[PDB]
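Residue numbers (the authors' numbering), protein chains in the order written: chain E, 38 to 135; chain H, 1 to 55, 60 to 184, 197 to 427; chain C, 11 to 118; chain A, 59 to 134; chain G, 510 to 581, 584 to 605, 616 to 639, 646 to 750, 761 to 960; chain D, 31 to 124; chain F, 23 to 102; chain B, 25 to 102.
C-beta: ideal position from N, C-alpha, C; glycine also.
Encoded as structure tokens, the structure appears first; notes follow it.
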Amino acid sequence: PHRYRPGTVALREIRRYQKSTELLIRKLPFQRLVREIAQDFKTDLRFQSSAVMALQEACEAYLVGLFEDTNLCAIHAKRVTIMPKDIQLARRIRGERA
Amino acid sequence: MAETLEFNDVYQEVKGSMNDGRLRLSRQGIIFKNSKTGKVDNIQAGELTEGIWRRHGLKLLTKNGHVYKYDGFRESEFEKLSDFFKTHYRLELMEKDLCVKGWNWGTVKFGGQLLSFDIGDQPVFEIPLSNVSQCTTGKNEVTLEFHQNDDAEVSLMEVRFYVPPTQXXXXXXXXXXXXXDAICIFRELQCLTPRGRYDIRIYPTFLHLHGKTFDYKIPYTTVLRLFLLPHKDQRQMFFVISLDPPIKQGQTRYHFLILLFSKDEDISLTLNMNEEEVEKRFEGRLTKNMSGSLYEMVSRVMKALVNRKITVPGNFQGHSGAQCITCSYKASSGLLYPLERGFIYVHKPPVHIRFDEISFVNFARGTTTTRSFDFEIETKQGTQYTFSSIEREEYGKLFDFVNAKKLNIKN
Amino acid sequence: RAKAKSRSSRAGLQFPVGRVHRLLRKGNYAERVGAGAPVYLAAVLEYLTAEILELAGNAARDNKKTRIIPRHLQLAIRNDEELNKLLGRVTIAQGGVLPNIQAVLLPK
Amino acid sequence: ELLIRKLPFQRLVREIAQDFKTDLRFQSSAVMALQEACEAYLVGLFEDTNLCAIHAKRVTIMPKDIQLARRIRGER
Amino acid sequence: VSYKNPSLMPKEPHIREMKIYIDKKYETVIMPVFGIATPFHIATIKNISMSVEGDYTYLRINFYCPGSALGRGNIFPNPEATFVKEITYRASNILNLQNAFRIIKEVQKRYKXXXXXXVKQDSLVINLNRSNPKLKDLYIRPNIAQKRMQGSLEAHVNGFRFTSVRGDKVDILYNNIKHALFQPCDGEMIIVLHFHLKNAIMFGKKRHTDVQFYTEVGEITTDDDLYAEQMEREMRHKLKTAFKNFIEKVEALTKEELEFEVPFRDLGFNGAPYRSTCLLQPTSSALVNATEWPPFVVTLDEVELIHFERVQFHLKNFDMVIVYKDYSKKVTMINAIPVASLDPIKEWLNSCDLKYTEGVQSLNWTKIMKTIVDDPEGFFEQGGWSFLXXXXXXXXXXXXXXXXXXXXXXXXXXXXXXXXXXX
Amino acid sequence: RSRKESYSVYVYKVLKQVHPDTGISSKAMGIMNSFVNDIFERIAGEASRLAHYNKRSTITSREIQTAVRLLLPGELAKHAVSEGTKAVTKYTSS
Amino acid sequence: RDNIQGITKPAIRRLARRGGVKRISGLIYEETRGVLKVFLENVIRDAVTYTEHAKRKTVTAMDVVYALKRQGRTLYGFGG
Amino acid sequence: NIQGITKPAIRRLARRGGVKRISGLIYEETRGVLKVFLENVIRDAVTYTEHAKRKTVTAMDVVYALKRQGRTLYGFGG
DNA sequence: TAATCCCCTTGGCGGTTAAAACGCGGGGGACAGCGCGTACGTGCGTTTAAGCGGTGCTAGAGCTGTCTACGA
DNA sequence: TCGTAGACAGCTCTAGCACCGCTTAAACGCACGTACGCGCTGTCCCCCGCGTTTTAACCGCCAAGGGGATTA
């Protein structure tokens with residue numbers, strides 16, 4: 038029908054999302070990369086399920102505060118579109134990678 | 001009567017501060033030799049229309069259309085040149101001084117060869133369209149682009165105007181002068209100077225940015241140097257061209273043609289020249305149908321256009337093996353590439369500094385680790401520019417490379 | 011022994027103070043520990059967790075529902091003041107996010 | 059090295075204590091460490107904000123630069 | 510004009526050598542228009558700047574035109592003549618272009634020094656009468672010099688005269704003052720008789736309107762006795778009673794014609810109309826912030842209505858719009874207002890007789906003035922100041938009909954009940 | 031059923047003294063049982079270093095409450111001070 | 023094998039809208055992948071050492087306890 | 025009191041911070057942030073002395089204070 | 001503390017629908033440019049209070065007997 | 001139920017504590033030219049919006065196994 042006004046669709050999206058919590062990420066498409074990464078450190082390392090579940094929680098948990106920090110950086114930038122500049126700058130505040 | 005006259009020192013104004021020539025007279029017209037180039041122009045009695053004595061020389065108007073702006077004369081040349089003239093012409097010189105009001109209100113007349121502008125029967129200029137190079141219009145912009153043929157003194161570059169709407173008109177005969197195969201044609205060019213996405217085709221003595229809003233030319237004379245530089249992630253590549261003069265919008269200047277390519281710029285090209293003719297022009301190098309990395313594929317053609325060598329990014333691996341680092345400079349933090357003979361600062365602005373032109377360099381320190389080092393460079397022209405935000409390993413790589421360039425570090 | 015009249019019953023509370031001091035003798039943080047030191051912290055925890063549950067019941071009234079969900083917790087703690095600054099670095103399992111919409115993200 | 063002069067600083071530092079507990083004595087020596095910790099949480103406290111101003115593309119500074127990075131530091 | 514004669518020459522014959530030139534006494538630039546050395550009156554010229562690359566410079570000179578003399584009123588006697596806007600010269604450095622470029626700005630200074638703007648009030652009738660209101664320890668702000676001027680104030684049958692120590696007389700008429708107000712030194716730094724004029728009168732260096740007279744009650748020295766506070770009481774109370782008697786003397790001459798209203802510090806708040814949070818106070822006809830320099834004196838009579846700004850969560854400091862009656866007077870924003878003083882200022886508006894509005898929203902206020910100075914009812918054609926209020930828009934749906942949760946919710950609940958203990 | 035000495039049951043009572051009927055996710059019961067230990071540790075290690083600083087091998091409740099004054103802000107800190115104080119003096123009365 | 027691309031652009035977008043942002047730019051994707059996986063590796067590295075300290079052959083959730091103890095980024099309720 | 029934070033001392037910090045144009049409200053802005061940074065490090069120091077039951081305050085108080093602050097630097101044997 | 005095991009992890013999968021990806025249509029928002037007015041930095045007079053040399057000044061940190069009482 | 005860490009005096013003594021001059025280097029404020037913040041822009045452009053294809057990720061169901069928990 039009428040393609041929707043800008044933002045209004047995404048406003049309904051974020052209103053749908055701010056209540057919700059559960060995983061936006063699949064299990065085995067994530068697990069496959071995780072087991073791939075773990076073998077690079079060392080072979081012969083099995084996983085349990087629940088640790089991977091908690092890590093799939095924890096990675097999203099790390100990313101989401103980063104996302105809102107990046108959003109506040111765009112609020113500073115006063116532009117609708119997101120920017121690659123900010124994250125490094127956020128890490129320039131966070132002292133993560135130098 | 002007398003048959004000639006001579007002044008080997010008098011000028012004639014040709015498009016700015018043109019220097020001396022050689023007045024010679026004759027009983028039908030004028031033999032003006034150039035004392036610079038030996039160029040002799042001749043005027044006869046069938047040509048004479050007008051001459052008026054201003055602030060000083062024969063400011064003549066003939067039936068060649070020409071505006072003979074002779075100058076470098078003394079005051080009573082008004083007599084003695086007229087002493088050669090007196091018998092025939094039926095023309096004397098007024099003391100005009102066409103206008104000295106300094107008041108803007110007048111009318112422009114498109115001259116048949118010139119461009120006159122009047123303040124109520126009192127004009128200020130009658131300028132031929134040879135004196136302009138190119139021209140754009142606007143509202144109310146009237147752009148008269150003046151490119152000097154290299155006089156070291158004062159040279160006019162641009163005069164724009166308040167012309168009213170030119171109701172039922174425009175810059176008509178203003179835009180009526182000199183006209184300034198496509199060898200190859202490009203598609204989807206990520207333009208950075210100016211910003212946008214336009215294309216450039218390749219013309220016999222120049223090139224052309226074809227675009228949607230603007231449309232620009234790239235002469236083979238105006239180039240200075242092929243620069244070939246990457247992005248530091250090597251996902252992109254910086255296609256920069258050292259140029260002189262910059263191109264303008266009237267407001268900004270484009271000293272360096274900056275373009276952005278990716279690493280993915282990989283396609284075949286087909287040159288619109290014959291297989292003997294590609295090396296009749298190229299000489300054994302650039303064939304009709306080559307391919308590959310367009311950042312290199314285009315620039316191979318660009319080298320044979322410039323007939324000048326390749327600027328290569330250095331092998332200096334700074335922090336994390338990167339070939340550069342960013343630094344805070346001029347409302348921006350941009351990368352600084354080391355080179356064979358210089359440094360280049362992307363992006364806004366592009367600033368190149370050669371090694372030899374540097375007088376010295378110096379540092380400045382805060383106390384904490386977080387990029388407290390503040391590094392400035394003073395050139396031999398007296399100018400010094402300051403580039404902050406340097407870490408300690410960045411200082412190690414920097415300081416070692418500067419010492420490898422044996423540069424005067426004031427400390 | 012006799013009747014197990016608890017030290018915690020002599021504190022009138024719930025936490026296993028003898029087992030708490032047993033846990034204290036695991037990390038073994040000094041050669042001796044005062045007897046009220048397991049009492050004091052257990053009292054503190056039983057106090058503060060009760061306030062946490064009191065706020066969680068308020069959030070359940072906000073939910074108008076029955077079972078406490080983990081999304082209530084950011085509804086409690088990320089709406090709190092002393093705990094929110096106090097547990098800022100703490101990430102919350104299945105906590106959700108707070109409803110935080112910017113006014114610049116709104117139309118004319 | 060050192061920017062803040064001693065006595066108007068340290069009289070105000072001693073002025074803080076009565077809000078917590080009045081009538082207390084102090085090392086003169088401890089005050090210098092407080093100066094160091096102060097100027098420690100001054101310069102790096104300013105550098106990030108200068109990075110915000112260059113992300114603001116400005117020569118001057120604003121409190122929007124101030125309040126942002128402290129939240130990005132997790133201070134508030 | 511630039512010149513009148515060919516014999517009105519440049520000060521040097523330049524086109525034999527092609528050198529730049531300014532004629533100062535005729536106030537004109539003389540530049541070759543491709544060899545045509547033409548003069549130009551400075552009053553027809555905007556400005557000048559410089560760029561350079563290598564040694565090759567570029568001196569742009571913008572000239573006055575519609576677009577430069579205006580935005581494209585005219586004191587310029589032709590609407591539709593062809594003008595110029597700018598020129599741009601290029602030379603190099605083997616110099617004087619910059620050295621004459623620096624001479625240009627003070628020519629702009631000397632012209633507008635020569636061509637300035639040109646309030647002369649009536650000469651105050653000094654009368655050394657019986658009830659002559661005179662008072663001591665009186666300082667003026669703004670001062671005659673940059674130094675803080677000392678003297679006494681002497682009220683007369685038609686106004687005030689701040690006779691300085693030097694004898695300088697400050698004639699302040701009855702019809703000049705709009706808002707004569709008095710703030711006591713009650714927990715203050717001064718005790719001020721402000722006299723908000725209606726005419727910026729020329730004295731000292733400038734033409735001033737908000738002029739105040741004050742007596743400091745400060746405390747901080749940089750050189761437990763209970764006589765220091767009692768000496769402070771002697772300097773405050775036992776002198777402010779004589780200050781009230783001076784109020785009685787100046788109103789033994791006005792008889793409350795030129796009033797001195799009481800501050801409302803119960804309604805006074807540390808807000809920022811001059812973008813610095815000082816103690817505003819209402820009076821009987823003026824919300825005044827004359828406690829510090831400069832004094833904010835607003836006429837409450839010329840206020841159409843009041844829009845409260847930033848009436849929203851997490852805003853302890855909010856703002857307010859003084860929607861004036863005279864929209865030609867620029868709308869000022871009283872800022873950093875406490876939330877506790879919301880309803881007190883509202884009740885003050887109920888005493889100010891204004892049906893007010895609130896909001897969080899903001900817009901370009903000069904744009905709203907240009908909307909409303911074209912027609913005093915034309916912004917009232919937009920619903921008036923109900924445009925401040927919302928009006929929503931059309932859409933598809935809110936689409937939150939199935940706003941539910943886990944129908945198959947988790948069975949995590951009562952763990953157990955079987956338990957025991959030890960020691 | 032996972033018979034380890036996480037607490038999980040005093041919670042199961044002290045809700046019922048403030049909300050006698052409210053269901054709970056046992057997930058959140060585990061959240062709080064972890065949360066107990068999460069503050070137990072930051073009491074314990076800092077109590078250890080404070081017992082080191084005076085060079086005193088004993089840890090009584092003043093050593094607890096000083097770390098409490100460190101670790102908890104304001105009036106709820108003072109409330110916890112009062113509630114621990116009344117309990118310690120209650121076992122002093124025993 | 024290419025499982026870094028296992029995270030999808032719309033899942034990235036649902037994270038961004040759960041992150042509560044307004045407009046997408048497609049450049050952020052691999053950036054976020056790199057910022058993600060390296061921090062993951064920072065966790066995984068000393069996480070391996072914990073099971074090696076337990077001398078076992080299988081990763082448990084006791085590992086991420088001490089991992090977040092090193093991070094100061096702890097969750098709750100995950101002792102089992 | 026807090027007015028003793030002189031603008032040129034602020035500019036010494038700002039040019040040590042490498043900032044050249046500085047807004048005037050930042051002067052009064054940072055003064056409260058100073059006190060915020062003070063009060064945490066002073067409160068636990070008071071707590072340290074009260075636990076140490078003394079009349080005087082040491083720099084070891086600052087040592088153990090900045091440890092809890094996560095704001096630990098060194099320079100005087102610690 | 002060496003056997004024992006059963007209580008956890010795994011290779012690839014039958015089914016098939018909600019989710020992932022390219023593209024066509026079209027539209028939404030950055031952005032460098034044009035002024036244009038403006039406030040903090042520089043030069044400088046002025047204050048002037050602060051670092052330091054010196055006073056008199058006394059109450060608090062520190063370790064040694066001691067014998068003991070709450071944790072072990 | 002034996003034990004030793006530490007609170008209660010006690011001496012030492014000394015690290016500060018509060019001022020008065022010297023003087024002398026550091027901050028306040030007046031005046032001012034200006035580099036830069038700010039409003040309107042216009043132009044191109046880069047994701048919505050499905051459209052269509054696809055496609056692969058997850059439930060029911062299979063056995064295979066394996067290594068950490070669990071018992072004197």
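Query                                                                                                                           : Result
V646 of chain G vs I728 of chain G beta-carbon contact at 7 Å                                                                   : yes
Reduced DSSP category for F801 of chain G - H, G, I as helix; E, B as strand; rest coil                                         : coil
Three-way DSSP call (helix, strand, coil) for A682 of chain G in this model                                                     : strand
Sufficient close CB pairs (3 or more, under 8 Å) joining the stretch 384 to 400 of chain H to the stretch 320 to 335 of chain H : no
7 Å Cβ cutoff, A156 of chain H in contact with chain G                                                                          : yes
Nearest to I124 of chain E (by Cα), restricted to the options A:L70, A:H113 and A:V117                                          : A:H113
Contained alpha helix (DSSP H) runs [length at least 4] in the stretch 286 to 340 of chain H, N- to C-terminal order            : 293 to 298 and 310 to 322
Coarse secondary structure for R69 of chain A, derived from DSSP in three states                                                : helix
Element boundaries [alpha helix (DSSP H), containing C889 of chain G]                                                           : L879 to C889
Residue-level contact to chain E via CB, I112 of chain A, 7 Å cutoff                                                            : no
Proximity below 7 Å, CB of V49 of chain C to CB of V118 of chain D                                                              : yes
CB-CB length for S813 of chain G against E846 of chain G, believed under 8 Å                                                    : Going by Cβ atoms, the distance from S813 of chain G to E846 of chain G rounds to 18 Å, so no, they are not a contact pair.
4-residue-minimum alpha helix (DSSP H) runs that sit fully inside the stretch 803 to 861 of chain G, ordered along the chain    : none
Completely contained beta strand (DSSP E) runs for the stretch 82 to 166 of chain H, where each covers 3 or more residues       : 111 to 114, 119 to 122, 127 to 130, 138 to 141, 146 to 149 and 159 to 164
Reference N556 of chain G; option with closest CA among G:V538, G:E914 and G:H774                                               : G:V538
Stretch pair the stretch 801 to 808 of chain G + the stretch 861 to 878 of chain G: three plus CB contacts closer than 8 Å      : yes
In DSSP terms, what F202 of chain H is bridged to                                                                               : For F202 of chain H, which the question treats as bridged, DSSP gives no partner whatsoever.
Contact with chain F by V30 of chain C, beta-carbon distance below 7 Å                                                          : no
Those residues which DSSP pairs with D737 of chain G across a bridge                                                            : G:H723
Selection of the stretch 399 to 422 of chain H by Cβ proximity to chain B, strictly under 7 Å                                   : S404
Endpoints, alpha helix (DSSP H) assigned at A873 of chain G                                                                     : Element bounds for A873 of chain G: not the alpha helix (DSSP H) but the beta strand (DSSP E), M870 to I874.
Through-space distance from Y345 of chain H to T402 of chain H, alpha-carbon basis                                              : 7 Å
C-beta atoms of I598 of chain G and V362 of chain H nearer than 7 Å                                                             : no
Under 7 Å between C-beta atoms of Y741 of chain G and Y632 of chain G                                                           : no
Under 7 Å from the C-beta of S78 of chain D: neighbouring residues of chain C                                                   : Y39 and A40
Neighbour list for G99 of chain B in chain H, Cβ cutoff strictly below 9 Å                                                      : Going along chain H, no residue has its Cβ under 9 Å from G99 of chain B, so there is no contact; the nearest lies around 11 Å.
Any C-beta of chain A under 7 Å from that of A127 of chain E                                                                    : yes
Neighbouring residues, chain C, relative to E50 of chain E (Cβ below 8 Å)                                                       : Neighbours of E50 of chain E on chain C: none; closest Cβ ~12 Å, over 8 Å.
Sufficient close CB pairs (3 or more, under 8 Å) joining the stretch 267 to 276 of chain H to the stretch 284 to 293 of chain H : no
Length of the line joining the Cα atoms of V65 of chain F and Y88 of chain F                                                    : 10 Å
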